[PDB]
Amino acid sequence: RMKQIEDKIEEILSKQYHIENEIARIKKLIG
Amino acid sequence: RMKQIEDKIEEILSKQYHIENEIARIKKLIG
Amino acid sequence: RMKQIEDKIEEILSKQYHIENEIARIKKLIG
Ligand SMILES: [Cl-]
């Protein structure tokens with residue numbers, strides 16, 4: 001069960017990194 | 001304790017989905 | 001191990017709050 005939680009956290013972190021990169025692109029586009 | 005962690009992960013995932021939808025709207029607006 | 005998971009969740013929540021604030025700024029800028 002702890003491994004399943006950790007795997008889900010991995011997925012969340014990867015998505016968060018992707019979101020930050022999307023935001024960086026939006027800031028560049030309007031910069 | 002594991003259930004509390006899992007509930008918090010649920011909240012994080014829901015917010016992440018909301019953020020992705022906000023980003024999609026911003027991209028549409030500037031598209 | 002549960003504490004390490006909880007600490008990571010703390011980091012994720014803080015980053016999510018930061019992302020929401022970045023999005024609010026972008027919405028204000030294009031508003
Ligand atoms: Cl996020």
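Just so we're on the same page: letters track the sequence lines, and every chain starts at 1. Just the heavy atoms: all of them, side chains too, but no hydrogens, waters or symmetry mates, feed the values below.
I9(A) CD1 to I9(C) CD1: the interatomic distance, rounded to the nearest 0.5 Å, is 4.5 Å. Taken from CD1 in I26(A) to CD1 in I26(B), the straight-line distance is 5.0 Å, to the nearest 0.5 Å. Separation of atoms NE2 (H18(B)) and CD1 (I23(B)) is listed at 10.5 Å; rounding is to 0.5 Å. Interatomic distance, CD1 of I30(A) versus CD1 of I30(C), reported as 7.0 Å (0.5 Å rounding).
Two different hydrophobic clusters hold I12(B) and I19(C) under the rule that ILVMFWY side chains link at heavy-atom gaps under 4.5 Å.
The list of side-chain hydrogen bond (donor to acceptor under 3.5 Å, both in side chains) pairs with a residue in residues 20-31 of chain B, not counting sequence neighbours, reads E22(A)-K27(B), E22(B)-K27(C). The side-chain hydrogen bond (donor to acceptor under 3.5 Å, both in side chains) contacts involving residues 5-17 of chain B comprise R1(A)-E6(B), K3(B)-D7(B), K8(B)-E11(B), where partners must be two or more places apart or lie in separate chains.
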